[PDB]
Amino acid sequence: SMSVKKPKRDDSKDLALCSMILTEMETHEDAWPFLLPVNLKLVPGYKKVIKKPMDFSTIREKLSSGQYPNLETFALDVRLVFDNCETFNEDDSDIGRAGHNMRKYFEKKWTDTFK
């Protein structure tokens, strides 16, 4: 509250560390569905169904231009990529499996880096 603060957690390396994680996600062999924005002209249903599209290139550009206020807003966008993928893709499809695998990969790196 006013004039009452928990001790200052060191957040000075968060930007660098989120960039490292994102690099690891970009280079994963199962990243291919997620590297670029889904082409809304060429994929029926996507525009209407997925209210907030997100992809790794969009996250990288937001990261690089100071559009994440803190590491939680970064994790929210990463999780949105995988939540969108589960909304649109069957679990037993190459893309559906890719998104489960990547979500797992991310959540471990997130815990190991920050928790």
# chains A, B, ... in the order shown; residues from 1 in each chain; ligands from 1

call {"tool": "residues_around", "arguments": {"residues": "residue A:80", "least_positions_apart": "4", "cutoff": "8 Å", "atoms": "only C-alpha atoms", "output": "ChimeraX atom specification"}}
result
/A:52-54,76,84

call {"tool": "residues_around", "arguments": {"residues": "residue A:88", "least_positions_apart": "5", "cutoff": "12 Å", "atoms": "only C-alpha atoms", "output": "JSON list (two decimals) with N, CA, C and O atoms, in the first residue's frame"}}
result
[["chain", "number", "residue", "atom", "x", "y", "z"],
["A", 38, "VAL", "N", -0.43, -16.29, -39.04],
["A", 38, "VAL", "CA", -1.30, -17.11, -39.88],
["A", 38, "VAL", "C", -1.83, -16.16, -40.96],
["A", 38, "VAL", "O", -2.17, -15.03, -40.65],
["A", 43, "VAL", "N", -6.42, -18.75, -44.90],
["A", 43, "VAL", "CA", -6.84, -19.82, -44.03],
["A", 43, "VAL", "C", -8.25, -19.54, -43.59],
["A", 43, "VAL", "O", -8.50, -18.70, -42.74],
["A", 44, "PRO", "N", -9.21, -20.23, -44.24],
["A", 44, "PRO", "CA", -10.63, -20.10, -43.85],
["A", 44, "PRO", "C", -10.88, -20.30, -42.37],
["A", 44, "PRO", "O", -10.37, -21.27, -41.75],
["A", 45, "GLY", "N", -11.72, -19.46, -41.83],
["A", 45, "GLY", "CA", -12.18, -19.56, -40.44],
["A", 45, "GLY", "C", -11.32, -18.79, -39.45],
["A", 45, "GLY", "O", -11.81, -18.33, -38.40],
["A", 46, "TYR", "N", -10.04, -18.59, -39.81],
["A", 46, "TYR", "CA", -9.06, -18.10, -38.77],
["A", 46, "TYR", "C", -9.37, -16.76, -38.24],
["A", 46, "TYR", "O", -9.42, -16.55, -36.99],
["A", 47, "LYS", "N", -9.67, -15.84, -39.19],
["A", 47, "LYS", "CA", -9.93, -14.46, -38.85],
["A", 47, "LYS", "C", -11.12, -14.34, -37.90],
["A", 47, "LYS", "O", -11.08, -13.65, -36.87],
["A", 48, "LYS", "N", -12.20, -15.05, -38.24],
["A", 48, "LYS", "CA", -13.41, -15.01, -37.39],
["A", 48, "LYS", "C", -13.34, -15.70, -36.05],
["A", 48, "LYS", "O", -13.95, -15.31, -35.04],
["A", 49, "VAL", "N", -12.68, -16.84, -36.04],
["A", 49, "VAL", "CA", -12.61, -17.64, -34.89],
["A", 49, "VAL", "C", -11.59, -17.16, -33.86],
["A", 49, "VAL", "O", -11.86, -17.23, -32.64],
["A", 50, "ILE", "N", -10.42, -16.72, -34.33],
["A", 50, "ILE", "CA", -9.26, -16.45, -33.36],
["A", 50, "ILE", "C", -9.20, -14.96, -33.17],
["A", 50, "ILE", "O", -8.71, -14.23, -34.04],
["A", 51, "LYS", "N", -9.71, -14.55, -32.03],
["A", 51, "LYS", "CA", -9.95, -13.13, -31.82],
["A", 51, "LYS", "C", -8.65, -12.33, -31.61],
["A", 51, "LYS", "O", -8.58, -11.12, -31.95],
["A", 53, "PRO", "N", -4.86, -13.10, -32.76],
["A", 53, "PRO", "CA", -3.74, -13.89, -33.36],
["A", 53, "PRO", "C", -2.44, -13.50, -32.71],
["A", 53, "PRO", "O", -2.25, -12.30, -32.34],
["A", 81, "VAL", "N", -0.24, -17.93, -28.15],
["A", 81, "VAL", "CA", 0.14, -18.68, -29.33],
["A", 81, "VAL", "C", -0.43, -20.15, -29.18],
["A", 81, "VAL", "O", -1.02, -20.72, -30.13],
["A", 82, "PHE", "N", -0.18, -20.76, -28.01],
["A", 82, "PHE", "CA", -0.54, -22.14, -27.84],
["A", 82, "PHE", "C", -2.00, -22.37, -27.59],
["A", 82, "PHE", "O", -2.57, -23.40, -28.07],
["A", 83, "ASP", "N", -2.63, -21.43, -26.95],
["A", 83, "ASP", "CA", -4.08, -21.44, -26.75],
["A", 83, "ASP", "C", -4.83, -21.27, -28.04],
["A", 83, "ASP", "O", -5.76, -22.04, -28.32],
["A", 93, "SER", "N", -3.01, -33.99, -34.73],
["A", 93, "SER", "CA", -2.56, -33.42, -36.02],
["A", 93, "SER", "C", -1.13, -33.04, -35.78],
["A", 93, "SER", "O", -0.70, -32.88, -34.61],
["A", 95, "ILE", "N", 0.18, -30.17, -36.32],
["A", 95, "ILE", "CA", 0.26, -28.80, -35.72],
["A", 95, "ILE", "C", -0.21, -28.85, -34.27],
["A", 95, "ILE", "O", 0.39, -28.17, -33.37],
["A", 96, "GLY", "N", -1.26, -29.65, -34.00],
["A", 96, "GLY", "CA", -1.83, -29.78, -32.67],
["A", 96, "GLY", "C", -0.75, -30.36, -31.73],
["A", 96, "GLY", "O", -0.55, -29.85, -30.61],
["A", 99, "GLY", "N", 2.00, -27.79, -30.97],
["A", 99, "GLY", "CA", 1.69, -26.78, -29.96],
["A", 99, "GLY", "C", 1.75, -27.29, -28.55],
["A", 99, "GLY", "O", 2.27, -26.65, -27.65]]

call {"tool": "residues_around", "arguments": {"residues": "residue A:15", "least_positions_apart": "3", "cutoff": "10 Å", "atoms": "only C-alpha atoms", "output": "ChimeraX atom specification"}}
result
/A:11-12,18-20,63-64,66,68-71,74

call {"tool": "write_last_selection", "arguments": {"atoms": "N, CA and C atoms", "output": "PDB file, in the first residue's frame"}}
result
ATOM      1  N   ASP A  11      14.635  -7.132 -11.534  1.00  0.00           N
ATOM      2  CA  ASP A  11      14.026  -7.366 -12.870  1.00  0.00           C
ATOM      3  C   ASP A  11      14.888  -6.838 -14.009  1.00  0.00           C
ATOM      4  N   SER A  12      16.135  -6.462 -13.701  1.00  0.00           N
ATOM      5  CA  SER A  12      17.001  -5.757 -14.681  1.00  0.00           C
ATOM      6  C   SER A  12      17.474  -6.628 -15.887  1.00  0.00           C
ATOM      7  N   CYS A  18      14.061 -13.050 -21.324  1.00  0.00           N
ATOM      8  CA  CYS A  18      12.895 -13.357 -22.230  1.00  0.00           C
ATOM      9  C   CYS A  18      13.374 -13.534 -23.710  1.00  0.00           C
ATOM     10  N   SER A  19      14.320 -12.667 -24.124  1.00  0.00           N
ATOM     11  CA  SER A  19      14.908 -12.778 -25.485  1.00  0.00           C
ATOM     12  C   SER A  19      15.598 -14.125 -25.692  1.00  0.00           C
ATOM     13  N   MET A  20      16.349 -14.622 -24.695  1.00  0.00           N
ATOM     14  CA  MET A  20      16.954 -15.931 -24.755  1.00  0.00           C
ATOM     15  C   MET A  20      15.974 -17.070 -24.864  1.00  0.00           C
ATOM     16  N   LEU A  63       8.849  -7.402 -28.245  1.00  0.00           N
ATOM     17  CA  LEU A  63       9.966  -7.493 -27.285  1.00  0.00           C
ATOM     18  C   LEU A  63      11.050  -6.430 -27.612  1.00  0.00           C
ATOM     19  N   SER A  64      11.461  -6.417 -28.863  1.00  0.00           N
ATOM     20  CA  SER A  64      12.491  -5.509 -29.362  1.00  0.00           C
ATOM     21  C   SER A  64      12.100  -4.051 -29.351  1.00  0.00           C
ATOM     22  N   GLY A  66      10.089  -2.452 -26.880  1.00  0.00           N
ATOM     23  CA  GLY A  66       9.492  -2.017 -25.582  1.00  0.00           C
ATOM     24  C   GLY A  66       8.048  -2.033 -25.408  1.00  0.00           C
ATOM     25  N   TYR A  68       6.391  -4.815 -24.223  1.00  0.00           N
ATOM     26  CA  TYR A  68       6.051  -5.612 -22.988  1.00  0.00           C
ATOM     27  C   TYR A  68       6.422  -4.786 -21.696  1.00  0.00           C
ATOM     28  N   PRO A  69       5.411  -4.446 -20.921  1.00  0.00           N
ATOM     29  CA  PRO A  69       5.744  -3.689 -19.686  1.00  0.00           C
ATOM     30  C   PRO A  69       6.426  -4.548 -18.645  1.00  0.00           C
ATOM     31  N   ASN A  70       6.186  -5.871 -18.622  1.00  0.00           N
ATOM     32  CA  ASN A  70       6.866  -6.710 -17.624  1.00  0.00           C
ATOM     33  C   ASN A  70       6.915  -8.183 -18.138  1.00  0.00           C
ATOM     34  N   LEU A  71       7.648  -9.057 -17.444  1.00  0.00           N
ATOM     35  CA  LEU A  71       7.825 -10.447 -17.980  1.00  0.00           C
ATOM     36  C   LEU A  71       6.448 -11.211 -18.032  1.00  0.00           C
ATOM     37  N   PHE A  74       4.731 -10.758 -21.345  1.00  0.00           N
ATOM     38  CA  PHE A  74       5.467 -11.552 -22.360  1.00  0.00           C
ATOM     39  C   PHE A  74       4.933 -12.988 -22.310  1.00  0.00           C
TER      40      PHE A  74
END

call {"tool": "residues_around", "arguments": {"residues": "residue A:94", "least_positions_apart": "5", "cutoff": "12 Å", "atoms": "only C-alpha atoms", "output": "ChimeraX atom specification"}}
result
/A:30-33,85-86,89,99-101

call {"tool": "decode", "arguments": {"residues": "stretch 11-80 of chain A", "atoms": "C-alpha atoms", "output": "PDB file, in the first residue's frame"}}
result
ATOM      1  CA  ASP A  11      14.026  -7.366 -12.870  1.00  0.00           C
ATOM      2  CA  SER A  12      17.001  -5.757 -14.681  1.00  0.00           C
ATOM      3  CA  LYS A  13      17.840  -8.920 -16.649  1.00  0.00           C
ATOM      4  CA  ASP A  14      14.221  -9.863 -17.537  1.00  0.00           C
ATOM      5  CA  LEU A  15      14.415  -8.398 -21.112  1.00  0.00           C
ATOM      6  CA  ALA A  16      17.562 -10.365 -21.893  1.00  0.00           C
ATOM      7  CA  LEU A  17      16.352 -13.505 -20.399  1.00  0.00           C
ATOM      8  CA  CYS A  18      12.895 -13.357 -22.230  1.00  0.00           C
ATOM      9  CA  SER A  19      14.908 -12.778 -25.485  1.00  0.00           C
ATOM     10  CA  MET A  20      16.954 -15.931 -24.755  1.00  0.00           C
ATOM     11  CA  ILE A  21      13.897 -18.002 -24.125  1.00  0.00           C
ATOM     12  CA  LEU A  22      12.257 -16.679 -27.317  1.00  0.00           C
ATOM     13  CA  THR A  23      15.436 -17.595 -29.278  1.00  0.00           C
ATOM     14  CA  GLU A  24      15.197 -21.148 -27.941  1.00  0.00           C
ATOM     15  CA  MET A  25      11.499 -21.306 -28.980  1.00  0.00           C
ATOM     16  CA  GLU A  26      12.344 -19.873 -32.483  1.00  0.00           C
ATOM     17  CA  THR A  27      15.007 -22.560 -33.095  1.00  0.00           C
ATOM     18  CA  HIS A  28      12.998 -25.568 -31.867  1.00  0.00           C
ATOM     19  CA  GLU A  29      12.254 -27.994 -34.709  1.00  0.00           C
ATOM     20  CA  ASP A  30       8.519 -27.906 -33.914  1.00  0.00           C
ATOM     21  CA  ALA A  31       8.347 -24.057 -34.045  1.00  0.00           C
ATOM     22  CA  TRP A  32       7.355 -23.990 -37.773  1.00  0.00           C
ATOM     23  CA  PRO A  33       3.584 -23.478 -37.254  1.00  0.00           C
ATOM     24  CA  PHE A  34       4.264 -20.475 -35.005  1.00  0.00           C
ATOM     25  CA  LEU A  35       7.090 -18.522 -36.642  1.00  0.00           C
ATOM     26  CA  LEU A  36       4.936 -16.162 -38.677  1.00  0.00           C
ATOM     27  CA  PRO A  37       1.372 -14.828 -38.469  1.00  0.00           C
ATOM     28  CA  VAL A  38      -1.304 -17.110 -39.882  1.00  0.00           C
ATOM     29  CA  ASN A  39      -2.267 -15.770 -43.340  1.00  0.00           C
ATOM     30  CA  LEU A  40      -5.808 -14.496 -42.728  1.00  0.00           C
ATOM     31  CA  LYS A  41      -6.521 -14.296 -46.477  1.00  0.00           C
ATOM     32  CA  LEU A  42      -5.556 -17.907 -47.029  1.00  0.00           C
ATOM     33  CA  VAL A  43      -6.835 -19.818 -44.034  1.00  0.00           C
ATOM     34  CA  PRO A  44     -10.631 -20.095 -43.846  1.00  0.00           C
ATOM     35  CA  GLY A  45     -12.181 -19.555 -40.440  1.00  0.00           C
ATOM     36  CA  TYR A  46      -9.059 -18.102 -38.770  1.00  0.00           C
ATOM     37  CA  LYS A  47      -9.934 -14.458 -38.847  1.00  0.00           C
ATOM     38  CA  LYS A  48     -13.407 -15.006 -37.389  1.00  0.00           C
ATOM     39  CA  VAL A  49     -12.615 -17.641 -34.889  1.00  0.00           C
ATOM     40  CA  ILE A  50      -9.260 -16.453 -33.363  1.00  0.00           C
ATOM     41  CA  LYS A  51      -9.954 -13.132 -31.816  1.00  0.00           C
ATOM     42  CA  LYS A  52      -6.314 -12.358 -30.926  1.00  0.00           C
ATOM     43  CA  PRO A  53      -3.738 -13.891 -33.362  1.00  0.00           C
ATOM     44  CA  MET A  54      -0.231 -14.182 -31.993  1.00  0.00           C
ATOM     45  CA  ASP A  55       3.033 -15.700 -33.368  1.00  0.00           C
ATOM     46  CA  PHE A  56       6.760 -15.733 -32.476  1.00  0.00           C
ATOM     47  CA  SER A  57       7.718 -13.005 -34.979  1.00  0.00           C
ATOM     48  CA  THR A  58       5.098 -10.666 -33.543  1.00  0.00           C
ATOM     49  CA  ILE A  59       6.333 -11.388 -30.011  1.00  0.00           C
ATOM     50  CA  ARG A  60       9.940 -10.764 -31.127  1.00  0.00           C
ATOM     51  CA  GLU A  61       9.020  -7.385 -32.654  1.00  0.00           C
ATOM     52  CA  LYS A  62       7.004  -6.372 -29.498  1.00  0.00           C
ATOM     53  CA  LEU A  63       9.966  -7.493 -27.285  1.00  0.00           C
ATOM     54  CA  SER A  64      12.491  -5.509 -29.362  1.00  0.00           C
ATOM     55  CA  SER A  65      10.415  -2.260 -29.311  1.00  0.00           C
ATOM     56  CA  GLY A  66       9.492  -2.017 -25.582  1.00  0.00           C
ATOM     57  CA  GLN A  67       5.950  -3.096 -25.908  1.00  0.00           C
ATOM     58  CA  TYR A  68       6.051  -5.612 -22.988  1.00  0.00           C
ATOM     59  CA  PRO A  69       5.744  -3.689 -19.686  1.00  0.00           C
ATOM     60  CA  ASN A  70       6.866  -6.710 -17.624  1.00  0.00           C
ATOM     61  CA  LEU A  71       7.825 -10.447 -17.980  1.00  0.00           C
ATOM     62  CA  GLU A  72       4.152 -11.532 -17.290  1.00  0.00           C
ATOM     63  CA  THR A  73       2.734  -9.733 -20.313  1.00  0.00           C
ATOM     64  CA  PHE A  74       5.467 -11.552 -22.360  1.00  0.00           C
ATOM     65  CA  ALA A  75       4.369 -14.993 -20.978  1.00  0.00           C
ATOM     66  CA  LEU A  76       0.706 -14.112 -21.705  1.00  0.00           C
ATOM     67  CA  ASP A  77       1.468 -13.619 -25.461  1.00  0.00           C
ATOM     68  CA  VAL A  78       3.598 -16.816 -25.615  1.00  0.00           C
ATOM     69  CA  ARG A  79       0.660 -18.770 -23.972  1.00  0.00           C
ATOM     70  CA  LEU A  80      -1.801 -17.091 -26.425  1.00  0.00           C
TER      71      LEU A  80
END
